[PDB]
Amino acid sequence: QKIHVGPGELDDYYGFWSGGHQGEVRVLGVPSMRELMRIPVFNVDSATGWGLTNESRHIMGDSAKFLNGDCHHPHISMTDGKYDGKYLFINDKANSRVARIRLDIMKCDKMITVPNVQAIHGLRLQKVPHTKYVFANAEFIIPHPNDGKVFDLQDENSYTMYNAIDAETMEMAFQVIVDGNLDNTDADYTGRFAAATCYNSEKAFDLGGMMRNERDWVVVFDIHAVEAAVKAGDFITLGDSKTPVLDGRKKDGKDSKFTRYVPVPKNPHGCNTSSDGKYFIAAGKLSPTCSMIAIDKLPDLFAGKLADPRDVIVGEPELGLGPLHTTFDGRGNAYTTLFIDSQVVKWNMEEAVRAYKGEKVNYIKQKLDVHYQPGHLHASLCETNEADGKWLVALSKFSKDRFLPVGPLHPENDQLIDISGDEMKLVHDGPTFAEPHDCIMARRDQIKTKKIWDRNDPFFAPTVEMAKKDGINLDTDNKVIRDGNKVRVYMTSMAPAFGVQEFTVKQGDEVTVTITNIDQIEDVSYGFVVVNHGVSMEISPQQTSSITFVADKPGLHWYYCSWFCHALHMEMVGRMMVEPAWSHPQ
């Protein structure tokens, strides 16, 4: 298996890295591990103008006021248990959002603030029959309502909820109140069941209390029961949100019909569905084990045919210190990160199941040292029934001496490991910024991207509607529209000239500049920057972009094209002239 990609060779897989608390998504080439693109999501990107342009702020909605995010879990939409390459979704733990990236244009095209929750952490996608729902965990217990009258996590109205977002429309589908809290989550290969780990069964706020119980649980959701109750109208709503809310809590030891709670030690973390669909596998973290939930025993569990919820556990292998996450090679082996032991341990799932029944068998196959303290890990296509067992990425949290010193703040170390053979082989150390937690890989042939924007793309359709209200045809017009103290400039662009090279406004006017790149040549992107006004954005071929700013400074103010586009790039400029307020009324 080739590990080095030379000049003119292409990578075999795409990798989509979370940006961690930096807030973007990063597109890597695998196995070269080089970053091919950055996709801004919750960060403000000076380069493309994401967070500054009207198109991006419209997508972000009211949350456009935040300049930060904290993202952990990117996942690719699926059809029948295989990636279909349409969308990537990812969480924001810092401001409680889910974002959708359209994989044809590699941009964030939708974003939602999950109502009535704090901190979206775990996120995974329904597999079968396709990604109808995005499942998302709200991690922190809060009062409901959270109006500052009650603060006690022990109140009967303090809780967190499990969230289902409609993948296609990116609106809330439903929420399920749970006991405890929620950490990570995954879904089965039938569409009936999802599952989530919980570490705060104690509903405590301090360290000791959160560690009190020897077992917390994996909570299992019967999605068929939730849907049926939603169609029957058997639900409530919270606050101002119309989102159907179902109660998945136990009431006096009686299970709800939407959930079952399977006791699992201890403050368990990762929750990973095996690629053969047999198991939800929960990483024990404080317990040196993983717990294997047999998915084909879940119907019986939900029909009362099992005396004890532990009866769906068919394995609990002892692996090592600090198990956090598990992935799959498609050959019947599972790979689990041991954070404290700083290793990846490869183990055979059916043999672990044998050992649970007593048939003493050594299910552990290999322990590979990693550098150092691994969190998530990801084997190529591991979330699909096409898991190909070629590559494994272990994403470690301390790099220490593995890279040149760069000051007190160190990079992370995401290590590429060959798993095509029987022995795991460490091949490459990839330093990364801001702590990617998880990543997802896809074959090169599973992703199909556009090289030119479509002119009706919804990303900027609101801007086209604006232009229409002004009588503008964006493909041809270079016009300055005046409207009271608003000025709407529309121009085309074709290197090395802006279609409008100067315009005049009044001091204090609110200026919107809308630019359509009418070039057809791939890779010929233009930019637009207004000097000393904090204005910057990208316009790629056939895209329309716009940005609004206040002309608060009189005098002559240059704008220029930021994207090197032509030998005469330095000369693709224009001038905004701002007439002073003392020469205009008031």
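Residues carry their position along the shown sequence, with the first being 1.
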* So which stretch wins on mean C-alpha B-factor, 503-511 or 421-429? -> 421-429
* Higher-scoring stretch by recorded Cα B factor average, 126-134 or 200-208 -> 200-208
* Most elevated Cα B-factor in the entry, residues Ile177, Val489, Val312, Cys439 -> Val312
* Asked: Per the coordinate record, which of the options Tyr87, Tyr363, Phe140, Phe459 holds the highest CA temperature factor?
  -> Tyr363
* To do: Determine, from the deposited record, the chain-internal third of the Cα B-factor for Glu571: lowest, middle or highest.
  => highest
* To do: Could you look up the Cα B-factor of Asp240 in the entry and say which third of the chain it sits in: lowest, middle or highest?
  => highest
* Going by the entry, which third of its chain does the Cα temperature factor of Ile76 land in? -> middle
* To do: Could you tell me which third, lowest, middle or highest, the C-alpha B-factor of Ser536 occupies within its chain?
  => lowest
* Chain-wide C-alpha B factor ranking for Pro299, given as lowest, middle or highest third -> highest
